[PDB]
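Nothing in this text is a laboratory measurement; each read-out follows from the coordinates by a stated rule. Cβ coordinates were reconstructed from backbone atoms using ideal geometry, including for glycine residues, and neighbour counts include every protein chain displayed.
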Amino acid sequence: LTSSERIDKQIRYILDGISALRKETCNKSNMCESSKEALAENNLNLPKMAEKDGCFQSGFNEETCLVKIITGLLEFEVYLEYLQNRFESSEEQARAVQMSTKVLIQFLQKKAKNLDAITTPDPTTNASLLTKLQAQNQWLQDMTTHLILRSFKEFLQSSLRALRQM
């Protein structure tokens, strides 16, 4: 078992939270899977994973994929701020997914041997992105929380298979 093995075991907890953070805000969200479809074609602005990154069999890299995970978790952190207080009923569950998602940001920058820290998105610019998720109508607002849990589910998933394939 190495610090990397703990990095994966920690992301698995991140998704366990998203379950309690995407079950209520998906069925009773009329914008995820109410009972018809819920065209979620908004696509927030937090993309960062594909076949070019190297997080899949096609050119499965190692330092390029894990890198996208460090900066991918920092941006994910501002979106966690979204679900860090928006959850007033299950606020505890929202803190269970954010606290862990932070445990990976520090556990990586520290155990990122043979890496680069992957820098991080300035908080001043991330202040405008967050002001933008909240500057959307009530409709686009409930959708922002949806797509966020959509990346955490998939995005984090590939992060685990990338740390195990490394």
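Residue by residue through the range 1-55, note down the ones that are in a loop (DSSP other than H, G, I, E, B), basic (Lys, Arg) and over 20 Å from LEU129 (Cβ atoms).
Selection gives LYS23, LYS28, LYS36, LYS52.
Given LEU83, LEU44, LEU73, which one is farther than 22 Å from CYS32 by Cα, of a type outside the set (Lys, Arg) and touching a helix residue (DSSP H, G or I) at 6+ places or on another chain (Cβ under 8 Å)?
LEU73
Tell me the residue from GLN136, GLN165, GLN106, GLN98 that is of a type in the set (S, T, N, Q), within 18 Å of the chain's Cα centre (by Cα) and surrounded by fewer than 18 Cβ atoms within 10 Å (Cβ to Cβ), please. Working first, answer last.
Values: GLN136 fails: within 18 Å of the chain's Cα centre (by Cα); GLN165 fails: within 18 Å of the chain's Cα centre (by Cα); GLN98 fails: surrounded by fewer than 18 Cβ atoms within 10 Å (Cβ to Cβ).
Residue meeting the stated conditions: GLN106.
Determine which single condition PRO121 fails, assuming it passes every other condition in (1) surrounded by fewer than 16 Cβ atoms within 10 Å (Cβ to Cβ); (2) in contact with an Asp or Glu (Cβ under 6 Å, 6 or more places away or on another chain); (3) under 20 Å from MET166 (Cβ atoms).
(3)
Which residue pairs have Cβ atoms under 8 Å apart, sit 6 or more places apart or on different chains, and have a first residue in the range 42-65 that is without any contact (Cβ under 8 Å) to a residue 60 or more places away in the chain and a second that is part of a loop (DSSP other than H, G, I, E, B) and among the aliphatic types (A, V, I, L, M)?
Close Cβ pairs (under 8 Å, with a partner that is part of a loop (DSSP other than H, G, I, E, B) and among the aliphatic types (A, V, I, L, M)) amount to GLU63/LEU115.
Filter the range 79-92 down to the residues that are part of a helix (DSSP H, G or I) and surrounded by fewer than 19 Cβ atoms within 10 Å (Cβ to Cβ) and list them by number. First the steps, then the outcome.
Narrowing the range 79-92 to residues part of a helix (DSSP H, G or I): 79-85, 91-92.
The answer is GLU81, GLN84, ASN85, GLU91, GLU92.
Is there any pair with a first residue in the range 83-110 that is within 15 Å of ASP8 (Cα to Cα) and a second that is small (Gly, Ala, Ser) and outside any helix (DSSP H, G or I) whose Cβ atoms are under 6 Å apart and which are 6 or more apart or on different chains, and what are they?
Note: pairs meeting the criteria are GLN109/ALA117.
Can you confirm whether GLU75 is within 18 Å of the chain's Cα centre (by Cα), more than 20 Å from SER159 (Cα to Cα) and outside any loop (DSSP other than H, G, I, E, B)?
In short, no.
If you take the residues in the range 50-72 that are among the small types (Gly, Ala, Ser) and farther than 15 Å from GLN157 by Cα, which one is surrounded by the fewest Cβ atoms within 10 Å (Cβ to Cβ)?
Residue satisfying both the conditions and the ranking: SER58.
So which residues in the range 111-122 are without any contact (Cβ under 8 Å) to a residue 12 or more places away in the chain and closer than 12 Å to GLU75 by Cα, if there are any at all?
Within the range 111-122, just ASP122 meets the criteria.
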